[PDB]
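Participant: generate a structure from the sequence data that follows.
(14 chains)
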Amino acid sequence: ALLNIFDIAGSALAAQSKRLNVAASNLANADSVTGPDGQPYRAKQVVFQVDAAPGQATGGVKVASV
Amino acid sequence: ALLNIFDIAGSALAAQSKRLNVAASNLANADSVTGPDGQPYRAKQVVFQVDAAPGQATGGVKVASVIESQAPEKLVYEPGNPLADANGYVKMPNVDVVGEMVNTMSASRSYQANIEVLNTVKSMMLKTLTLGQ
Amino acid sequence: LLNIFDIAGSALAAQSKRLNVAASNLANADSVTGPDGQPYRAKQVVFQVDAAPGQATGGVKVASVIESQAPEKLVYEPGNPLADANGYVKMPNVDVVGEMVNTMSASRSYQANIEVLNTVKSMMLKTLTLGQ
Amino acid sequence: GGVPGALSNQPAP
Amino acid sequence: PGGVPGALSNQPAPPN
Amino acid sequence: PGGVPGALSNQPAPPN
Amino acid sequence: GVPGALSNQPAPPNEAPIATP
Amino acid sequence: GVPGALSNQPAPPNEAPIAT
Amino acid sequence: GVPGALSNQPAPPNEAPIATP
Amino acid sequence: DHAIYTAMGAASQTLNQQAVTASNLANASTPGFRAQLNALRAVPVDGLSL
Amino acid sequence: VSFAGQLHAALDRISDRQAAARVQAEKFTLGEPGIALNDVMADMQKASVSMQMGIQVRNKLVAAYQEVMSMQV
Amino acid sequence: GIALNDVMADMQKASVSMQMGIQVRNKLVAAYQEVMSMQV
Amino acid sequence: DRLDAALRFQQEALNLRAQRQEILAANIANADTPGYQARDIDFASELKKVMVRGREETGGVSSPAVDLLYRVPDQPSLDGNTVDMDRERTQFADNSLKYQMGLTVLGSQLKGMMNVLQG
Amino acid sequence: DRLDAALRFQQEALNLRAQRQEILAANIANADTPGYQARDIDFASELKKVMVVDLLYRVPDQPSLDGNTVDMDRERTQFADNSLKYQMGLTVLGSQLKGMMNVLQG
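Facilitator: Numbering: from 1, shown residues only, chains lettered A, B, ... in the order given. This is the structure:
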């Protein structure tokens, strides 16, 4: 589908957007006492992995889970 | 022998595209912490060689192999992250952002120069085909 | 090879050399030592007319690269190994504003020469179709 | 070969 | 003998 | 002939 | 599966309740 | 040699050491 | 000597002395 | 075309110097600490012509 | 083996080159991995040059045939 | 292999030589027919 | 023989122009390769050499029998290549125009001959 | 006609690129509509189908509160890529037509 450079850079943009979203959600919930139910909010982290890819030498960034 | 310019400039274009791709891959993973195998991402770089078989005077350029960049891995003190060291030294890639941006710009400029070479060569081939007519 | 082409190429080379000298000077505004331990003395190119067989008009050639003779700046750091008996370390005499302006003017001259060369090449291309 | 070009289609499809 | 193009071969290398 | 181009020449200097 | 893929099914509605139902 | 001229002998490998 | 014209004689060398003499 | 690499080297080494300075400042409360000095050395490239 | 055979061989070679370039272009447009835009564009360039060469050869050959058929007998 | 520079140059020569042969033969044939169209 | 000899100078000059442009394109392609000395040929001397003695090849991997000389570098570089881009692009444009000039001269001569063989 | 068979593939690719471009721009325009699903087409499968359209929902990346699944970065990259591929298809089709023309000119 995408050209290789397009895919790599777009994946980078999406990963940075996810990291920024996690940071913003953490900064919003800095003073929260209870969450949806009654359990405290836990700070979220985003883990960057390199898309293995067939090439391996060239690959973008994916986010496995928060 | 203007046809060999096609091969020379095409090889140069492919090599510069590969170099730009490798530089962009390094740049996009500057903040990565983990690989598919759990190893930290190692900054990679292409190797340029003269695409000349034994006995060939001058050729284009070819990518011999992709090699891990020689630089100390960036140590970060975060002994709370699930990935860590014995002393909590998270290893992050050794990507030098300024170097990668300059590499991307240089690859783009060399690519465009090779495109100009190809364009003017094709124009000359058409002329030549209009030699006597 | 072709005269105007020779002129424009020589001038492009000269302006590129001046730009490189200015960039190297700007990089070394704060440098304190070199490999031998001597201070970095700012470089400046010398332009000379390349009209050896072309009477008084021709291209421009860079005769030499010379260390500027402006006095070296002195900083009082008596603990520095490079400090002399008086405790003064010599720092380069690079003028930042001058180097920035040199870079800008060299860039403009480079672009002007490129435009000149393009116009001349187009004129010969049209000359190649004389009488037809 | 081992490295796909920047202007190639997603090696990862 | 070629080598690594760009940043690595244009930064001042270690002596040995 | 010619001298240093740019900053050094287009700056006032002591007479000599 | 991967974020940004193509599927033949619309995503479920994005509800965020304030209290547990 | 004049820069831009042609010579039959190659230029020597150049190096930029940090410490003499 | 109209500016922008052509004259047989070369232009005199300009000088910028910082003090008076 | 190669002045870009000179400027890039200058910018990268400025980043390195800033990293050294930030590491020094982070240890303003470290007991018995010795600050790391920083200096930009100039390396002249030795080719044949200029 | 013969002149007609050589001309047929040249036409087949030119058509095969053009078809190869077209097939690679369609494969790239398809989204299949491994096909680079650089190679597609260069191969299209080469195919265009080969087509122009064939056109020039045909033009001359026709001109020479017309010249011969004008010969007085 | 052989480049367009050589291919085109030899192609043009051959065309030139063939045209020269055609013209010379036409002159010879015209002279012969003028001689034979005589009246004795 | 006569026609071959009359058109031989410009044809050989045009072939040498093609080979020189191949060399210049190789220099432009290797402009970012570390440790590549720029190569170029002396057009006039090699042209006279090819006229007195016919064209020859090293093998036939094949290459011409031209002398690949080294260009004098302008300013030093840490990677170790002497490909200065201004020089490369000026020589490329000059060689381009001179090749077009050779094409024009050869085409004019060939028409100047078809005009005669035209009755 | 044989002329159609030669130019069928590039014409269909160009039309499919234009349709997908319209779909992506519709996704961009309706970014702020709450409850709008980002739709797209699988270019290769539809190109097979036309040579021998159905809209597929985009997999959401981040959960918004208003139900909008349109992501700016992903569709901006896809939009730029589709523009580039449309230009490439125009170039290829024009080259084929120009070759067919210079074959005839004389």
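
Participant: for the nearest residue to residue A:19 once chain neighbours are set aside, which residues are in contact?
Facilitator: Nearest non-adjacent residue to residue A:19, counting by CB to CB, 6 or more residues apart in numbering or on different chains: residue A:46, 4.9 Å away. Just so you know, the C-beta spots here come from the backbone N, C-alpha and C atoms, and that holds for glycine as well. Residue A:46 makes contacts with A:15, A:18, A:19, A:22, A:63, A:66, as judged by CB atoms under 8 Å, 6 or more residues apart in numbering or on different chains.

Participant: bridging residues for the fifth one?
Facilitator: Beta-bridge partners for residue A:63, by DSSP bridges, are residue A:48.

Participant: verify the stated contact: it with residue A:18.
Facilitator: Yes: counting by CB atoms under 8 Å, residue A:63 touches residue A:18, with 5.4 Å between them.

Participant: buried ones only from the contacts of residue A:46, please, as a PyMOL command.
Facilitator: In PyMOL, this line selects whichever of the contacts of residue A:46 come out buried by 16 or more other CB atoms under 10 Å in any protein chain shown:
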select buried, chain A and resi 15+18+19+22+63
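
Participant: can you add secondary structure and give the contacts of residue A:46 back as TSV?
Facilitator: Listed next are those as TSV, based on DSSP: H, G, I helix; E, B strand; the rest coil:
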residue	secondary structure
A:15	helix
A:18	helix
A:19	helix
A:22	helix
A:63	strand
A:66	coil
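
Participant: taking the centroid of chain K, which residue is nearest it?
Facilitator: For chain K, the residue sitting closest to the mean C-alpha position, by CA atoms, centre = their mean, is residue K:14 at 3.0 Å.

Participant: in the sheet, who's paired with residue M:69?
Facilitator: Here residue M:69, judged by DSSP bridges, has bridge partners residue M:40.

Participant: touching, it and residue H:5? I think so.
Facilitator: No: in this structure, residue M:69 is not within contact of residue H:5 by CB under 8 Å, at 9.9 Å.

Participant: who's more crowded, the two?
Facilitator: residue M:69 (19 against 9; other CB atoms under 10 Å in any protein chain shown).

Participant: check contacts around that one.
Facilitator: H:6, H:7, H:8, M:39, M:40, M:41, M:42.

Participant: distance of it relative to residue M:12?
Facilitator: Distance of residue M:69 to residue M:12, computed by CB to CB, to the nearest Å: 19 Å.

Participant: I'd assumed the residue nearest to residue A:19 was in a helix, is it?
Facilitator: No: per three-state DSSP, residue A:46 lies outside any helix segment and is coil.

Participant: which phi and psi values does it adopt?
Facilitator: In terms of degrees, to the nearest 10, the main-chain angles of residue A:46 are phi -110, psi 130.

Participant: re earlier: among the contacts of residue M:69, who's most crowded?
Facilitator: Top of the contacts of residue M:69 by neighbour count (other CB under 10 Å): residue M:39, with 21 neighbours.

Participant: quick check: buried residues in the one helix or strand residue M:19 maps to?
Facilitator: Residue M:19 is part of helix M:8-29, with elements assigned from DSSP states H and E. Buried residues in helix M:8-29, counted by 16+ other CB under 10 Å: M:10-29.

Participant: anything in that helix near chain H?
Facilitator: No: figure legend: helix M:8-29 not in contact with chain H (CB under 8 Å from any CB of the partner chain); closest approach 12.5 Å.
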